[PDB]
Amino acid sequence: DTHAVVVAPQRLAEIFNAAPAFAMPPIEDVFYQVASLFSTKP
Amino acid sequence: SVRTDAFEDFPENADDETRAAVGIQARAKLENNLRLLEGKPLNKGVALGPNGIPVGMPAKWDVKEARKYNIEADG
Amino acid sequence: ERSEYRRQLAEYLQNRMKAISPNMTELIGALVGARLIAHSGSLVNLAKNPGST
Amino acid sequence: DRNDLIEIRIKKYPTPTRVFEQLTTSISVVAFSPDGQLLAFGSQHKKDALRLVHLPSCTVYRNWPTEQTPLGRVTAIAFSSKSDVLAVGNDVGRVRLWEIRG
Amino acid sequence: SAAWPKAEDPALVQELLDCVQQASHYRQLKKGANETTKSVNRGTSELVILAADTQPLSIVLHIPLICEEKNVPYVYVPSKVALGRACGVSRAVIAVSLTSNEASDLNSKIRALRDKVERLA
Amino acid sequence: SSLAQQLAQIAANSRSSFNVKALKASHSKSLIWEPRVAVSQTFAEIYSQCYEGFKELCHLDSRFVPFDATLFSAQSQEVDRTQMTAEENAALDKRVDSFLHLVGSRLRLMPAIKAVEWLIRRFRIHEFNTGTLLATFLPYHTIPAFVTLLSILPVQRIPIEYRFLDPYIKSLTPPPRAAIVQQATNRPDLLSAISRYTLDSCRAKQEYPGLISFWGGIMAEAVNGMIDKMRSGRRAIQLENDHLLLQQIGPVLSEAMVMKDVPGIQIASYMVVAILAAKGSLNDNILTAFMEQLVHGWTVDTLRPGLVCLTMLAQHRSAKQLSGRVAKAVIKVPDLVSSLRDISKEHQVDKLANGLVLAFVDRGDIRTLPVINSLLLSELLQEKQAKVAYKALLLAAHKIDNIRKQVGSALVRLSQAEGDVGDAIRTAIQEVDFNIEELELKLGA
Amino acid sequence: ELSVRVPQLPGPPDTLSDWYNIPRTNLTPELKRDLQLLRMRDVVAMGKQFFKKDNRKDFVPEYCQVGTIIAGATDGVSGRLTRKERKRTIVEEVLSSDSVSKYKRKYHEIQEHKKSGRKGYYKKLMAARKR
């Protein structure tokens, strides 16, 4: 059985603050970064 | 980094990309800390309207004049 | 000719600094690293210094 | 996690699933929920030093206890048999009860 | 490896960390590699305890050279996290250096402890 | 000073200048030129320079040619916006909002900045369309052009939602994403204004990846901070906070999940749904609503991100089975099991695969048997899930009143499976205590 | 060609525009000693050389710059201070010069004239009465 994923918001703020809105990686790559951050795999 | 470069040994078949590992890691971490220190935001303030009353505050209530269809003529 | 020799001396200083101290050269660069080695006297004489020094 | 002790061989140096460093004084009480979802651990030597921890996520609950939750200097804790009630008894000699509801 | 005056006996490790905790409460302790190097270079340091669980071990290897030049005893404990929460830090402390003064029960403990370190060497 | 308050509201609501110093200041506010030059500039000089800029913009993109006739016209040199009626002003506002949605993609370029300078210096867009102009410059909040727009903006003309910008107008520095995100978590109006701007652009198909990445990042971090605020521990307050979060979010995600023509905003809404399903402990019916709308919404371009977000949504549910239409469109998915292995290398697809097998077994259709066989031999389920799925398959075989031929073929293949799945299936046979050879010879005879 | 400007919007003058930018006085304690010495330069040359009595209320001017005489090319054998006499301040040059004993002699004469009858005199009179 699983629970709710706990993630400190500074990591997600680093994910999005790595670059400006223009000249950011494409949204598939940023989605895989956010999903691997919120993935509950040990 | 100077203590590492002056006292650490290496197997002598060691690439420069793994000989400068502490420098690479320290530079990346230190650039991240620099951009956090530069992206520290400024202090919030009260945003005032033209009156001197803060914005987003409701004004006084006044009954808006609205023309209604008088229903006494559906006869 | 003096300027050309000074330019190749700067390139030599960069190559010798990447040979001696690759970590510090990756941190700050060869010229400032050479200035620190110069003031302290040697590499193992700079290494005995605290960070506040 | 006790599935990480098995390497019957036990690993001599297992790593923790989570290290909790929220309390500053020595941990005096620790109690698991009987269905294994909660973990309440508390120190006696500070006023209102009790934390409540979800499992398997190993996250400290932040909404309780608050600044005005009358725990006292916590000396003993006890979860109910259906794990519906947490009982906390302090050094003054007063038991207080909290329904757990998820 | 390079940690040759290793303290492996757990009784001696417990004695070292208990004396570290007592010196930490006496404020007779210098925590960290840079502060340890400053105390050893200034010569105020009575004993110096390094940790062998350092992931690049070469960042504390300069302190054996200064201790060989200044004749102070250094010893390696196994775990830097144990050294850290022995000092009372809540971080991992890789080198600590505990100093001396005029007259203390702690100074007598320091003399006996460096005698035990000389027994290790 | 009630009279001074009424007169202050009148003076703030007034729009046209009425003395010469006010006209000179309002004409001095510009993007490109310094104020000492921009005071003494007629509307032929500005129109010549900014029409060179619009000629460059109209040679770059094709769709500026109606604005060539209506906004950048030689007659539009002379039109005063404060002398036309309310419907003329509203139609001019619609034309300006359409141009700003169109020009938002190229706004780092000096032609587009010259065109925006023409709108600002003729139609006074910084005073009459402050919402759309500030929203279209918000994805570029790290540039000196945004610093200059922030410099020339009037203070009391900004909407209430963008009043975090006041210290960055008092000290001319660009505001950070931390400030924008923190005001988005605190105010629902700013998040609603950003999402309304980008959805109103994306309905007109004038999207660009900078705007899509901007909205996706700020709604992701805003929903993150909003969940961390909404969490309370009290049951009724966390129920009401989950309801308020869904009422503030639901229209935006319900449109951006099924916007088929814009796969970038679809993937960004999938990112927001993944954060909302992982971090916020939601209910099973809400998560089936999200899964059903994602299943209705995907394309081929967002199929693998949709499957990642579907694995997270199905993983964080308390129920065991999927609600129908989810399993129907995942039947319609081309390479299900190989894609799920590529996802399960990083994401734990087990509850999705288990619910998929149960929802396929609950169908009496017999065109799902290759998918059931592949999902069982996949090594994706656990031993208990595989055992209860095979038990439900044999119970469906007992419940059926052809069909039984394909069922028995699938059952003999699953019994003669090779590895640990076959071990667990034969163990499931041994614990349901029913013989293989009965149905074996019954289907073989 | 034509770029976006950098917006650079955020008392007494620092440098005098008419006097080729003399910087304002960094009023260090050494410059304050030097300025006190310049207002007391009549006392320094003890009557051998008297000076124009310029006595304002503030001796520190608003704009100063401490410089050094370089060289007259016509005179370089005796119009040139040696290495053991080129000192840092002006007060160090005054102290390295002679007649410091002359200053001390005049100071002790002033000290005797000011201790002439004040309170040690009355302590001595009271002791001679009490004896």
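Chains as they are written, first to last, in my numbering: chain A, 19 to 60; chain B, 90 to 164; chain C, 2 to 54; chain D, 30 to 131; chain E, 683 to 803; chain F, 13 to 457; chain G, 8 to 138. Where a beta carbon is used, it is the ideal one built from N, C-alpha and C, also for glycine.
Neighbourhood of residue i by C-beta, 8 Å cutoff - its chain only, sequence neighbours within 5 removed
i	result
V114 of chain D	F108, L126, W127, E128 and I129
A56 of chain F	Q89
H138 of chain F	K41, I132, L145, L161, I164, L165, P166 and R169
Proximity test, Cβ basis, 9 Å: residue i and chain F
i	result
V11 of chain G	yes
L137 of chain B	yes
residue 143 of chain G	Outside the displayed range of chain G (8 to 138) lies residue 143 of chain G, so it cannot be described from this structure.
Residue i versus the options, residue with shortest Cα-Cα distance
i	options	result
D374 of chain F	F:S335, F:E391, F:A103 and F:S350	F:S335
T96 of chain G	G:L23, G:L44 and G:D105	G:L44
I106 of chain D	D:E36, D:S72 and D:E50	D:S72
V235 of chain F	F:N253, F:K182 and F:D273	F:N253
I448 of chain F	F:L426, F:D432 and F:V433	F:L426
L16 of chain G	F:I441, F:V159 and F:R337	F:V159
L453 of chain F	F:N385, F:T439 and F:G420	F:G420
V342 of chain F	F:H328, F:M324 and F:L315	F:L315
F302 of chain F	F:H255, F:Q333 and F:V338	F:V338
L392 of chain F	F:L348, F:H39 and F:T82	F:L348
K49 of chain C	E:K712, E:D735, E:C749 and E:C701	E:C749
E395 of chain F	F:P123, F:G237 and F:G431	F:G431
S57 of chain A	D:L67, D:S86 and D:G65	D:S86
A41 of chain A	F:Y220, F:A290 and F:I298	F:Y220
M122 of chain F	F:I415, F:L19 and F:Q61	F:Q61
Proximity test, Cβ basis, 9 Å: residue i and chain G
i	result
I44 of chain F	yes
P166 of chain F	no
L184 of chain F	yes
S163 of chain F	yes
C-beta neighbour in chain A for residue i, strict 9 Å
i	result
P85 of chain D	yes
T88 of chain D	yes
Cβ of residue i within 9 Å of any chain B Cβ
i	result
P188 of chain F	yes
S22 of chain C	yes
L698 of chain E	no
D178 of chain F	yes
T26 of chain C	yes
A24 of chain F	yes
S740 of chain E	yes
Buried or exposed (CB count within 10 angstroms, at least 16 for buried), residue i
i	result
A205 of chain F	buried
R92 of chain B	buried
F446 of chain F	exposed
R12 of chain G	exposed
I441 of chain F	buried
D435 of chain F	exposed
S727 of chain E	buried
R8 of chain C	exposed
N16 of chain C	exposed
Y402 of chain F	buried
Own chain residues within Cβ distance below 7 Å of residue i, not counting five before or after
i	result
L694 of chain E	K798
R243 of chain F	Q250
residue 467 of chain F	Outside the modelled stretch of chain F, which goes from 13 to 457, sits residue 467 of chain F, for which no answer is possible.
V763 of chain E	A774
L364 of chain F	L322, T323, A326 and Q327
CB contact below 9 Å: residue i versus chain E
i	result
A48 of chain C	yes
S4 of chain C	no
9 Å Cβ cutoff, residue i in contact with chain C
i	result
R92 of chain B	yes
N753 of chain E	no
Cβ-based neighbour list, residue i, same chain, cut-off 6 Å, excluding 5 preceding and 5 following
i	result
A733 of chain E	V759, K762, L765 and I776
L114 of chain F	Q218
Residue i beta carbon near the ligand MG (any heavy atom closer than 8 Å)
i	result
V45 of chain C	For the ligand MG, the structure offers nothing, since it holds no ligand at all.
Those runs of the alpha helix (DSSP H) which lie wholly inside the segment 19–59 of chain F and span at least 4 residues: Runs of alpha helix (DSSP H) with 4 or more residues, each lying fully within the segment 19–59 of chain F, are found at 32–40 and 47–50, listed in chain order.
Secondary structure, beta strand (DSSP E): runs of 3+ residues fully inside the segment 253–279 of chain F: none
Within the segment 325–349 of chain F, ranges of the alpha helix (DSSP H) (whole runs, at least 4 residues): 337–343
3-residue-minimum beta strand (DSSP E) runs that sit fully inside the segment 16–46 of chain C, ordered along the chain: Every candidate beta strand (DSSP E) stretch fails here, since none sits fully inside the segment 16–46 of chain C while reaching 3 residues.
Whole runs of the alpha helix (DSSP H) within the segment 137–198 of chain F, excluding any shorter than 4 residues: 137–140, 142–149, 156–164, 178–182 and 189–198
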